[PDB]
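Novice: Compute the structure for the input listed below.
(chains A and B, ligands or ions: 2)
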There are 2 protein chains.
Amino acid sequence: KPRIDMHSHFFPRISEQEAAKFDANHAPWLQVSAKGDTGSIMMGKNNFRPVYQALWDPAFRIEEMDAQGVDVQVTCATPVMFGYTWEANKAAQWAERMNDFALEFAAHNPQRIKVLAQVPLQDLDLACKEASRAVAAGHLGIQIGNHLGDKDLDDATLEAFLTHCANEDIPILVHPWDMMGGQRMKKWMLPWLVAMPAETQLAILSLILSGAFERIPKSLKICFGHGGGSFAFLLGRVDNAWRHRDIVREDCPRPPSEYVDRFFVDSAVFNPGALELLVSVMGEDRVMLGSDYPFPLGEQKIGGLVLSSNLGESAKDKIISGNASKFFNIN
Amino acid sequence: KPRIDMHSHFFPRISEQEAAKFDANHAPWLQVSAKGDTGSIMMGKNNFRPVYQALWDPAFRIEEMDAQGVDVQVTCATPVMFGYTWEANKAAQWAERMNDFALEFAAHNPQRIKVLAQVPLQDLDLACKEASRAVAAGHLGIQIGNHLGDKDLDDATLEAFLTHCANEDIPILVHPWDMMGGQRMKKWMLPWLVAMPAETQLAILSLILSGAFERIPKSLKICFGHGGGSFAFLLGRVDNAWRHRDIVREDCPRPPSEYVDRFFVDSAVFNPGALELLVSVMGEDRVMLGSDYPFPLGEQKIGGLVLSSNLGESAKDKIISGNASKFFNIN
Ligand SMILES: [Co+2]
Ligand SMILES: [Co+2]
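Specialist: Residues are numbered from 1 along each chain as shown, chains lettered A, B, ... in the order given. Ligands and ions are numbered 1, 2, ... in the order given. The structure is reproduced below:
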């Protein structure tokens, strides 16, 4: 019955000086206001996002984990630090620095704080090395964006990197980023409410419908962020469109809704009816408690939705604890 | 207990000659293969989509409605014919021609076939006239795309056109079209499975979060196509993000999940767990049987999902019959 939060974010103590070493416009860095209890993520010289002390001060973060019942948390890089847009070596150097930063982070109570490494996904080689280097170095797995410009998970680049980690028993977190839309969704944080779930839901079908779960070893432990996005809902549509149009069946040989046993999703759906539906489509043994701590939109009572539910008692424990522990190899 | 299908599509007997009158590249037209039992929608000279005889031959369509139990169907223009991209008068002339075509269509058994008019939404004036002209001419309401280039339903143009129809008791169907994504979702009909639900779900929040349901008279009967898209699922997230970020609350003064009494959705979700969830968020009196007949992805047993459900007996009738009849004023 320890409680494991497995989606969560961090950001390292990088000065504006160090970030200009890599790119004075597109590297990010952390800027603390005098007090040391607020601050903002900065893109070169612009204000990207306000954040608060939980995102860099792990000592503070353990106090908070105590006040929510979180025994073990898993953190990992904030989407922004991914820089998949960059030159392929500077990025592989950037990523080795972060996973190094992140490792000192969990080095504050590594029995409680577990990290997940980012990669330089543009070059397929660098990333395969970076991921096995940083999983031996300490991490429990890798966190990647769900798409690479116009390359979704179907692209053989990303299939390859997956099939590498399936073999090395390197668990994988896929996290939406670099949202679609272009111009239209500018106001009200729409990009987080419509684009983001849609991006994850796209990433999943980009495997099932490309038939990648037929070529990728069944060892692959892969989880998708924000409850799979609008998936467990839109599934019924995908099955229907596969029963009825040839060119949907083209490379997917079973009915899509059969591959719900090849991946996992977290619980971050924020609604007890949503969660029920989500579990029935995924199976009580494939949904894992995540919170998206500390960002503003991630349930401040971590676990609350899961325990304020109708769910069974075995189920509740599997999400909270079981599933995540089997997933990451936590004792 | 008559059964009313209220989402459905048609396309008129337009020759390639007539379509060049308006645009030899972007007007569409219907081309029948010799037999008169198959054919294809054509953009000038390209093959847009294959279709089958149900989409133009209403005599045939009544035979089919007999073999599904459909007593009254409501059809309306196929997204493609919208031409919101066009010069503003040619479009208002195009639209008056279609709603005229469509009227002869339902003029085959108008006690069974009911139509819904399209508009030239780019010019706000033309459309307000076109819509009251064609609702007196015979139609039961208007069907519009959910967005206008980069203008979503929040844009005051489209708020205005809504507030006009709320007053004239002109019911409204919002149908996704002109999907987002740009380049990435090219293969496997992804655009129908990820973009399309996302577009409808965006259109709905573009009202709630803009606060438009506060300025728009409560008379407004408006329905959203394809079960609201990934809405009833992602709602829990929207509420959460409104409880927690100021700039989401900026123009929305109640918690978003309260406006589920200002619109309706059809049933086209294709999964009994999806439908259950959809009804609980919308209320048995706000979900209406639709089928997306005849396009390939619209359940060939019309009503099957609704009656193959756990739902109550009053509920089942309200979706099938009740709600739609109150919605369109059908006796
Ligand atoms: Co996150
Ligand atoms: Co449709």
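
Novice: Contacts only, for the closest residue to residue A:223 other than its chain neighbours.
Specialist: Spatially, and ignoring its direct neighbours in sequence, residue A:223 is nearest to residue A:264 (4.1 Å; CB to CB, 6 or more residues apart in numbering or on different chains). Quick note: C-beta positions are derived from backbone N, CA and C, even for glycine. With contact taken as CB atoms under 8 Å, 6 or more residues apart in numbering or on different chains, residue A:264 is in contact with A:221, A:222, A:223, A:224, A:282, A:286, A:287, A:288, A:323, A:327.

Novice: can you check residue A:113 too?
Specialist: A:58, A:61, A:62, A:72, A:73, A:75, A:105, A:106.

Novice: So what sits opposite it in the bridge?
Specialist: Beta-bridge partners for residue A:113, by DSSP bridges, are residue A:73.

Novice: Of the contacts of residue A:264, just say which sits nearest to chain B.
Specialist: Closest approach to chain B among those (CB to the nearest CB): residue A:282, at 11.9 Å.

Novice: Give me the neighbour count for that closest one.
Specialist: By other CB atoms under 10 Å in any protein chain shown, 21 other residues sit near residue A:282.

Novice: Let me know whether it touches residue A:223 as I believe.
Specialist: No. Using CB atoms under 8 Å, residue A:282 makes no contact with residue A:223, being 10.6 Å away.

Novice: shared neighbours, these two?
Specialist: A:264, A:265.

Novice: Which residue is the nearest non-sequential neighbour of residue A:71?
Specialist: Leaving aside its chain neighbours, residue A:71 sits nearest to residue A:2 (3.8 Å; criterion: CB to CB, 6+ apart).

Novice: check contacts around the one you found.
Specialist: A:71, A:72, A:321, A:325.

Novice: give me phi/psi at it?
Specialist: Backbone torsions for residue A:2, taken as degrees, to the nearest 10, come to phi -60, psi 160.

Novice: measure it to residue A:59 for me?
Specialist: 20 Å (CB to CB, to the nearest Å).

Novice: List the contacts of stretch A:208-217.
Specialist: A:153-154, A:159, A:162-163, A:166-167, A:206-207, A:238, A:242, A:248, A:251-253, A:256, A:259, A:262, B:188, B:190.

Novice: just to revisit the earlier point, how near is the residue nearest to residue A:71 to chain B?
Specialist: Per CB to the nearest CB, to the nearest Å, residue A:2 is found 26 Å from chain B.

Novice: State the number of residues packed around residue A:50.
Specialist: Look at residue A:50: counted by other CB under 10 Å, it has 11 neighbours.

Novice: ok, residue A:44 touching residue A:18?
Specialist: No. Residue A:44 is beyond contact range of residue A:18, at 11.9 Å (criterion: CB under 8 Å).

Novice: Tell me the buried residues in the longest helix anywhere in chain A?
Specialist: Once chain A is assigned using DSSP state H, the helix that runs over the most residues is helix A:88-106. Under the neighbour-count criterion of 16 or more other CB atoms under 10 Å in any protein chain shown, helix A:88-106 has A:91-92, A:94-99, A:101-103, A:105-106 buried.

Novice: ok, the residues you listed vs chain B, which is closest?
Specialist: Among the buried residues of helix A:88-106, and counting by CB to the nearest CB, the member closest to chain B is residue A:91, at 21.3 Å.

Novice: which ones are touching the closest one?
Specialist: Here residue A:91 is in contact with A:83, A:84, A:120, A:122, A:123, A:126 (CB under 8 Å, 6+ apart).

Novice: Now with 10 Å, please.
Specialist: Contacts for residue A:91 were tallied using CB atoms under 10 Å, 6 or more residues apart in numbering or on different chains; they are A:22, A:82-85, A:118-123, A:126-127, A:130.

Novice: Same question for residue A:1.
Specialist: Residue A:1 touches A:71, A:317, A:320, A:321, A:322, counting by CB under 10 Å, 6+ apart.

Novice: and what of residue A:265?
Specialist: Here residue A:265 is in contact with A:7, A:174, A:200, A:204, A:222-229, A:231-232, A:278-279, A:281-282, A:286-288, A:290 (CB under 10 Å, 6+ apart).

Novice: Run the chain-centre distance for the one helix or strand it maps to.
Specialist: Following DSSP states H and E, the helix or strand that holds residue A:265 is strand A:264-266. Computed by CA atoms, centre = their mean, to the nearest Å, the chain-centroid distance of strand A:264-266 equals 10 Å.

Novice: Just give the closest residue to the residue in the stretch 101-250 of chain A positioned nearest to chain B, not the sequence neighbours.
Specialist: Closest contact between the stretch 101-250 of chain A and chain B, by CB to the nearest CB, is at residue A:236 (2.4 Å). Distance criterion CB to CB, 6+ apart; nearest residue to residue A:236, sequence neighbours excluded, is residue B:271 at 2.4 Å.

Novice: Give me the number of neighbouring residues for the one you found.
Specialist: By other CB under 10 Å, the residues close to residue B:271 number 23.

Novice: Surely it touches residue A:234?
Specialist: Yes. Under the criterion of CB atoms under 10 Å, residue B:271 makes contact with residue A:234 at 8.8 Å.

Novice: Now intersect the contacts of residue A:264 with the strands, please.
Specialist: The members of the contacts of residue A:264 that map onto strands under DSSP state E are A:222, A:223, A:224, A:287, A:288.

Novice: Distance to residue A:149 and neighbour count for those residues - can I get that in CSV?
Specialist: Listed next are the ones in strands among the contacts of residue A:264 as CSV, based on distance: CB to CB, whole Å; neighbours: other CB atoms under 10 Å in any protein chain shown:
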residue, distance to residue A:149, neighbour count
A:222, 21, 23
A:223, 23, 26
A:224, 20, 24
A:287, 30, 28
A:288, 29, 28
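
Novice: Kindly reformat those residues as a markdown table containing distance to residue B:148.
Specialist: Compiled in a markdown table, the ones in strands among the contacts of residue A:264 are given as follows (distance: CB to CB, whole Å):
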| residue | distance to residue B:148 |
| --- | --- |
| A:222 | 39 |
| A:223 | 38 |
| A:224 | 33 |
| A:287 | 39 |
| A:288 | 41 |
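
Novice: Can you name the two of those that sit furthest apart?
Specialist: Greatest spatial distance among the ones in strands among the contacts of residue A:264 (CB to CB): A:222 and A:287, at 13.7 Å.
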